[PDB]
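S.K.: this is the structure alone, sequence omitted:
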Ligand SMILES: Nc1nc2c(ncn2[C@@H]2O[C@H](COP(=O)(O)OP(=O)(O)OP(=O)(O)O)[C@@H](O)[C@H]2O)c(=O)[nH]1
Ligand SMILES: Nc1ncnc2c1ncn2[C@@H]1O[C@H](COP(=O)(O)OP(=O)(O)O)[C@@H](O)[C@H]1O
Ligand SMILES: Nc1ncnc2c1ncn2[C@@H]1O[C@H](COP(=O)(O)OP(=O)(O)O)[C@@H](O)[C@H]1O
Ligand SMILES: Nc1ncnc2c1ncn2[C@@H]1O[C@H](COP(=O)(O)OP(=O)(O)O)[C@@H](O)[C@H]1O
Ligand SMILES: Nc1ncnc2c1ncn2[C@@H]1O[C@H](COP(=O)(O)OP(=O)(O)O)[C@@H](O)[C@H]1O
Ligand SMILES: [Mg+2]
Ligand SMILES: [Mg+2]
């Protein structure tokens, strides 16, 4: 009763693959985790909004209250956030404002 | 494809534990494991037998031609070979005579059994065969006896 | 067997404690010998006074 | 009397016992095969204290090594020093005490103890002079602590008088990772005091300090520790296996070093940790050479007893004592025991064993952990499940209040 | 650098967000461990054992979380277990929801963490009022209703099939420990285990059960009327306190010293035989010689018996704890002992002590458990602690609250109705208390497999009109009133659940920052 | 159903990305400018230092 | 939920916890599947050095091989706990929990709840308890049928060892058990029956000794070896020196006080020896024909052994606690511990006492008693594993046959109990039962799981397991209508049915009762568990 | 027997190979059966480069995710 049997489907998909299904709690894990970046666009909203300084890997500094421009440079590992990222980019290449409202 | 699942449900026991069933020719290997040290005993049976340098852990050496004595110092891995060590040890303690006969006979019974198991004889019938042969063997040893001492001092 | 230690309260015991031993050992040994024995096999270490 | 049995229990017990026999066998001379290649009477004429002469002179030590983890016994056996001990002596049974006094103890006393009483009986019947038993246990573990307690009790019942010497290894607060160490070490002393007759305290935490300070080994391995423990053991046993009269024989040791019954605990002291008797004087009494965590200078020595070895006269030691008593008076106590043989490797050593009020520090500590860190009734369900109740724990803390008190009562 | 801190200071709003997520995570582990169809949990401790159970307290004992906010949630189970002994999972699952519902507001509507606390005390004050009104009294002497009251908690465990025997087993045990106010304690309740056997033949027997046998073979294995006498002392000569050192001068002294060792044990044995006992139970060990003449009168000697097992014998046989043997009289000798008998079991011997059964001191007893394996014994033993815990509350408090979530749902309805008339700034946290109280029936519907959308909607429609005893049948998953269902729980467990859950939220809500790694 | 033994949670930002909330960062930014300001404080004036 | 709380942990839930309990069960079942039955395979266990120990008992396999899985340790405690009190049915518990989990897991995949499935096992278990009352048969012990005990002994011994060892070792058990039954009818196994190791000619030379055998003998050569009529004496007093509670120095002043004091030291031993000489004076008649022997529980000083050797009194020291509790049963005397009060009534009686030695060790034999209330079973063997194999065989054989005398019933085996429960659970009207809903498959799952045990016996013989049950099913279809109550069996020699009533195959009562009760409890608890995790401080 | 030819080789025969084939098929079944029907769940194939893709077809799920087990490779083919 020391070492587990190690999930005998380990002969299936490699260790790098991670499954985060439901019932286990995926929805609870996601809706929450993204509340951090939800407060980023919330604080940068309105005429009195706060711009956010984003330093990319190259070092080109940008300071903006424009949400979109922000998420383009942020290297985000969470896949569920990325649905919101390029969905905001569609508003940029098309309508051009409201990047922050759609997010 | 690049790697097997490496025997699933193997965490039931420890990694160091291993099983060895009769299949995969492993009973033939156990007969071959007996054949390694059995051939050493052939060169040590009889008046022209050759002794053996069995140096040990300490360095303490013994040169010998007896099956029971030489097997005490050798550390053995195979358990089936250790049956011959304790069988010859029983021979030395009780009677003190005929240890090479125990090693050379019981090793050859496993040798001829290599042919019997390969033919397709079940293991249960093999034990019944030698037991019925043993009852006839011990019976005839009393029949073909000749001579007696009849005097303690001469 | 339990704490064999000398005890000498006065000088009269100090004078006799040294020769008492000689005498006693000698007595036991003479006893052994009047029987005509000429060799004794000991089981452990033998003292010098008995030797 | 002539002989003493040596029980070794637990993973720590078996390791220290294997080291102890490795030392002893080479001391008075026997290849690990049992044959005696030694020179001469001095090493042979008290060999019957711990070896059974068999026909053919295959001496075999009288030791009962026991453990609930097949593995430790097995390792020792398959190793060197595997021909000496008779195969029947080892008594080893699955599963593992699990590092719990309660569980390991009760469950396997229920089984392993029966088998041990069986081995302790017939093999010993074999002698004509039982004198007592030497047990090496670890105070803080599972098997060793629990079983030790059970066995001590069981043996004492089957051998009333027989002295009972222990060499329990106290736990290391820092280097003993397991959290339930104090909570076992407490239950063990509860019964060690009621039964034992003389016991020696060795602390792994103290062993680390001496290993890294004097020896300077970068990382102590349990091996080093074991070697040092082995050396003190060897000196105390020579106090026994060499013909001598100064503390001749176990019972004497006890009488000499135990002022009153409920004080068994001794502080070993050994030097020349890596020579002239004056040189070794300072090393014995240096506060850093103690193998006990508590400082003895802050405490109070009660009965000192120093065991020298190698070439030393009567007067070398007596003059030394006269000089030392004069300067450490605030800390007349003295007991000398010169030996004739010498340490394997070194010419002359001097083992030091003094009763000291300072042990009460090593018990105020353990009581503090036991109570404060288990006022919250932590990790207790492991013990209540085995069957033993909490009233027993209350009794255990109560009896340490008592020990501490005693030492305080003999005005530190 | 500066002091041992400032690694990564979680400050502001994100610190409280991690605590609500951490507090919610503790309840999610044992979300399925509630209701009659609850699943079991096997936890692996690092020592080598195993804990098979579904009780939230026993689960959270073995788990270890390296987070300070979740550890305060971990300690709430010890509050419930060491207060009543039932409803530990109910405490952990309710608080999670309270911290969670209050969170929306903390995160968004910016109500400061003190205004929520003031809202909860008025909700706590109203919660005790409606719980007092919804509960109905019940007669304590009715054995028919007491058996159904005890088996309410057993129904959520494995031994519901043997509920006909467990209620009789627990009822007889509680009345034995009960003292004629009506204070009882489980320290004398012996939890001795016997691996193997069938549960049907398992029964409580009045008295004790030892693990040891007699010492000498000639001792009587069957006595009609035993007379037990407890001893504390060693019955053997002992070394003694002071520095002693006898010095022997004459040869006739050492044999005298060994002869008085025989006469002192004769003197203490002969005065024990003044009353002529049949069974002498010594705390410490016994000698081979004293036992020999204890035999020359008709006594019976045993091995060393730990203290605990002697304090139970003192209340069973009526004897007193005696150490000084010279002051032994006839009044302090135990009597009215039923029967003595020793059975043969392969594990160990077992000596039985039965009572004559016919105020005074409270009587003790030992409950026999005959399970399937070792884990089945520990599983059943915790069920008795959960079952016998229910029997204490009805005696201390004759009130009886409805079960099946009807009590907590009644708190949800009244707090929701009164929230409209409580107009002000306290309205938003006060209304959020009802949102969590309606979850403890929601968990039952999820475990039953039904849809909690329409069931809770049907529940609130019938709760105001139908009756105050409406609830959800956990097995069938339909709305069934608790009066016809015939299952009731005490009201004391409902009080500790509401008090401990709300009081835990008031502590954790005041947390501002988290700084780890300061010092030991 | 799951692929393996356990599944560690995802950090939202990249590993090693520094971020902070509250009034502490803007005070640190102001103190950073004041730290650069103190280098040029005694330089100002026709009686300043290089 | 556990990863943000604990920085390191492992968690399986809702599909892997079910697969683990079934996969570990099927894995452990495959280990002990081949050992079950008479034609099963042997299994050695060589741990560290290469200690060898050979047996087919599942308890020895489980309690010697360390196991890491959390499911199997509960099967280990369940298989061990059932065998530790009953002595039989170890692998049967593993096969039931090994089969009942996989037989229910197929329906968990179909979507049936674990709660209602285990509810079907419990109500089905109560039907088996009601079936044990009708299935068992009454047997009166007053007849004292020795042939009935011989057939029960061959049931367990044929499973462990072959027919050569069974025929010679069977009457060794029957002669030991024949003396167990008495007027009081109180069973006593541990004190009465014992096992002792002895390396000797072969395992086949095991013989029965009616008296108590001891593993020690006379130390001195001049002491008598054989004694015709030896009256034993029990004394728990220790006759070597007694150290004496703090007593210290014999402060001697002159040299003589020393001799005097050593003599003094002995006086304590001679005070106790004189009581033995005074006792010998009462029984001094017929001294060359008769004899006297003293057995001590503690050690005897070698100085005092010469006193017994001069009077030709046999001395035996350092006996066990159990042997002192058995001399009264064998010799018929009474025990004594002190030397003050003696009498001739407490002395026992023995018709023959002799000693035989091999190598360095020496054994003392006692036998030819007038009315021995106890006896021993001295087992012979070649190797250490041969003794361990005979240890488990005699340990499991004595417990199995002893339980038959405890009760007045016995259960026939050879699959008759499992096949009978199959037709009972599959043909019984469900309206009589109180279970409803989705309890349809729970009755079929547990009823079908019992069939796998009697065919596991066939899997070791190599025949087709499904085909040898065809005529068994056809026999019971006509047996009910033929108006003849008979119980079928499974004979592995020819691959056809048989009758255990005439063949002598039997099984104890509490084995099958406790096996299903322990197996149903463990298998039910493993099914309801839907999550595994590890957490704690270390 | 195979170790004598190649010490670095391995072999599961007649009971361990059958459990591998069935467990790998059941393990592949338990993961991939959820996409069957209109109420099935969506999978996010997130590779190391961060490419996100939604799908329910078993072909593209098994194509991007390389298969380690030898049995499931035959089912993916
Ligand atoms: N001084 C010393 N202590 C040791 C040594 N090896 C282990 N220990 C101690 O052993 C203790 C734990 O080991 P034990 O309690 O003996 O382990 P155990 O309970 O016998 O092992 P199991 O029976 O398998 O649980 C620790 O407190 C260590 O301090 C050693 O070489 N020297
Ligand atoms: N002086 C003002 N008074 C009231 N509202 C204002 C004022 N200036 C800006 N706003 C509001 O602030 C909001 C900012 O919206 P924003 O996010 O920039 O729009 P989008 O999302 O379309 O880019 C606008 O909707 C606007 O109504
Ligand atoms: N000089 C000889 N001529 C013929 N046969 C011999 C001679 N010496 C020995 N033998 C045979 O060789 C056999 C060797 O027996 P062996 O097993 O070596 O005896 P031991 O048990 O003493 O080793 C003997 O049985 C004997 O018949
Ligand atoms: N048969 C049942 N049907 C519906 N709800 C139940 C039933 N039994 C218990 N409950 C609910 O489960 C909750 C906890 O009960 P129980 O399981 O006995 O305590 P614990 O949570 O400590 O295990 C109670 O608040 C009660 O409302
Ligand atoms: N010679 C035989 N013929 C038919 N059945 C047998 C024979 N020997 C054993 N069995 C059956 O094997 C089963 C297991 O026997 P046993 O070894 O005593 O228990 P376990 O295998 O659980 O240790 C019993 O139910 C018995 O009926
Ligand atoms: Mg409950
Ligand atoms: Mg059997």
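M.R.: Yep, it's here. Residues are numbered from 1 along each chain as shown, chains lettered A, B, ... in the order given. Ligands and ions are numbered 1, 2, ... in the order given.
S.K.: next up, the contacts around the spatially most central residue of chain D.
M.R.: Residue closest to the mean C-alpha point of chain D, counted by Cα atoms, centre = their mean, is residue D:167 at 1.2 Å. The contact partners of residue D:167, by Cβ atoms under 8 Å, 6 or more residues apart in numbering or on different chains, come to D:16, D:134-137, D:199-200, D:202, D:229, D:233. The C-beta positions use only the backbone N, C-alpha and C, and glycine is treated the same way.
S.K.: how close does it sit to ligand 2?
M.R.: Computed as Cβ to the nearest ligand atom, to the nearest Å, the residue D:167 to ligand 2 distance reads 79 Å.
S.K.: show me the contact partners of the helix ranked longest in chain A.
M.R.: Longest helix in chain A by number of residues (criterion: DSSP state H): helix A:79-93. Residues outside helix A:79-93 that contact it (Cβ under 8 Å, 6+ apart): A:30, A:33-34, A:37, A:67-68, A:71-72, A:74, A:76, A:97-99, A:102-103, F:12, H:44, H:46, H:50, H:52.
S.K.: stretch E:152-160 now?
M.R.: E:34-36, E:38, E:40, E:54, E:86, E:151, E:163, E:166-167, E:199, E:379-380, E:383, E:386-387, E:389-390, E:403, E:487-489, G:521, G:524-525, G:528.
S.K.: if you set the cut-off to 6 Å instead, what comes out?
M.R.: E:36, E:86, E:163, E:166, E:383, E:386-387, E:390, E:487, E:489 (Cβ atoms under 6 Å, 6 or more residues apart in numbering or on different chains).
S.K.: so which of these is the closest to ligand 5?
M.R.: residue E:383 (29.3 Å; Cβ to the nearest ligand atom).
S.K.: tally of neighbours for the nearest residue to the closest one once chain neighbours are set aside?
M.R.: Leaving aside its sequence neighbours, residue E:383 sits nearest to residue E:157 (Cβ to Cβ, 6 or more residues apart in numbering or on different chains; 4.9 Å). Residues near residue E:157, counting by other Cβ atoms under 10 Å in any protein chain shown, number 22.
S.K.: again with the one 5 residues further on
M.R.: Other residues lying near residue E:162 total 17 when counted by other Cβ under 10 Å.
S.K.: got the contact list for it?
M.R.: residue E:199.
S.K.: for residue G:271, pull up the helix or strand it's in.
M.R.: Take DSSP states H and E as the rule and residue G:271 turns out to sit in helix G:256-282.
S.K.: any residues touching the helix or strand just after that helix, and which ones?
M.R.: With elements assigned by DSSP H and E, the helix or strand that comes after helix G:256-282 is strand G:290-296. Outside strand G:290-296, the residues within contact range by Cβ under 6 Å, 6+ apart are G:227, G:229-233, G:235, G:313-317, G:319.
S.K.: okay if I get those as JSON lines plus distance to ligand 7 and neighbour count?
M.R.: Compiled in JSON lines, the contacts of strand G:290-296 are given as follows (distance: Cβ to the ion, whole Å; neighbours: other Cβ atoms under 10 Å in any protein chain shown):
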{"residue": "G:227", "distance to ligand 7": "41", "neighbour count": "20"}
{"residue": "G:229", "distance to ligand 7": "43", "neighbour count": "15"}
{"residue": "G:230", "distance to ligand 7": "40", "neighbour count": "24"}
{"residue": "G:231", "distance to ligand 7": "42", "neighbour count": "20"}
{"residue": "G:232", "distance to ligand 7": "37", "neighbour count": "24"}
{"residue": "G:233", "distance to ligand 7": "42", "neighbour count": "23"}
{"residue": "G:235", "distance to ligand 7": "42", "neighbour count": "23"}
{"residue": "G:313", "distance to ligand 7": "46", "neighbour count": "22"}
{"residue": "G:314", "distance to ligand 7": "41", "neighbour count": "24"}
{"residue": "G:315", "distance to ligand 7": "43", "neighbour count": "21"}
{"residue": "G:316", "distance to ligand 7": "37", "neighbour count": "21"}
{"residue": "G:317", "distance to ligand 7": "39", "neighbour count": "22"}
{"residue": "G:319", "distance to ligand 7": "33", "neighbour count": "23"}
